[PDB]
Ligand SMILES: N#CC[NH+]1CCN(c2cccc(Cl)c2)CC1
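Listed next as structure tokens is one chain, alone, in the form solved without this ligand.
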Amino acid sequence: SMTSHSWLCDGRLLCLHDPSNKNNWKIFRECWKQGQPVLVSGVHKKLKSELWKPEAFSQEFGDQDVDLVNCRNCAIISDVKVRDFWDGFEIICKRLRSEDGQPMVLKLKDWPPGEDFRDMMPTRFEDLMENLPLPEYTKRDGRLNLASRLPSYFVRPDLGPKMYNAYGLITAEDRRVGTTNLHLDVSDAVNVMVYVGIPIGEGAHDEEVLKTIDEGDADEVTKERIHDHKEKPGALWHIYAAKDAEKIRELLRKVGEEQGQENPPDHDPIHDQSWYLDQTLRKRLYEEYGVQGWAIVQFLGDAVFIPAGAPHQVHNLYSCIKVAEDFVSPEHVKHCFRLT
């Protein structure tokens, strides 16, 4: 039967099933006030699927100049054409190669650039903004979005949305690498998975994806979405409560020291955006500091709600197109205040 919601992470994560249900706020606001992330499924079914394809981005915008990042070593690939990224998104035989002659796992940096999404892609902008879930929180002018209503004593988010485009991580070695390293934002955010590209050529990399989800600490109900319903998994997230941010900083200062980094005792390893918590580091966080997080698999059309101040990291399983919008909920406005 169709139901309003279900639970993941063994009851610790709300999963809303109908993105446009006018009663979602009633269930949402109880979990959100406690500092929890929330998942909303089915957003892909609300969108115009032809506007979110890698081949369309390449055809319409392919002559723009951009920088890429090599996800394996953080090397920057400067001043290439954006088609050089899009044409290898699913076809592995078309990817830019490293010296070792392997196809690279690439992230497209800052594209569209700064606040230019709405100017560059007005039709995509409309399709996304009109179908965001929890619209009183997430729309630019929603009644529960304080972004447009706050004085300069608060850090205000940039005008969005922002697009996040990157290939999937492939190998056993890749399991310890991030697509986006551990960091935090002083605003709330909603992150929507609008396209998942399962590649071809080196296409059969399905079994390393299962070992990554399993070692990533995903719950048994999350594993049933693949095996029983054949949904497409895009990315593995780990999210931590805002109240645990300082304990994470203490762990990363101890590890930086053990690895012979030479860091002042007060430096901020979360703001530096230099760490990915692999299986070894997640277990140490739990055992040595008492900190548990949420392991979330974001499938096609899942919207991940990330609370202000909550540390988080992202590991692409397959090639992903994500679009995210920032907002300022009244529950979490304390995180962007500039005093005490």
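Just count from 1 along the sequence shown to find any residue number.
We do not show the form solved in complex with this ligand, though everything after this point is about it.
Although the partner is absent here, residue 232 sits close enough that one of its heavy atoms falls within 4.5 Å of this ligand in the deposited bound form.
Contact annotation: residue 150 falls outside 4.5 Å of this ligand in the deposited bound form, judged by heavy atom distances.
Not displayed here, this ligand is kept clear of residue 91 by more than 4.5 Å at the level of heavy atoms in the deposited bound form. Remark: residue 198 counts among the residues lining this ligand in the deposited bound form, judged by a heavy atom distance of 4.5 Å or less.
The stretch in contact with this ligand in the deposited bound form, judged by heavy atoms within 4.5 Å, is 223 to 231, chosen from 116 to 124, 223 to 231, 254 to 262, 142 to 150. Within 4.5 angstroms of this ligand in the deposited bound form, the stretch 304 to 320 places a non-hydrogen atom from 318 alone.
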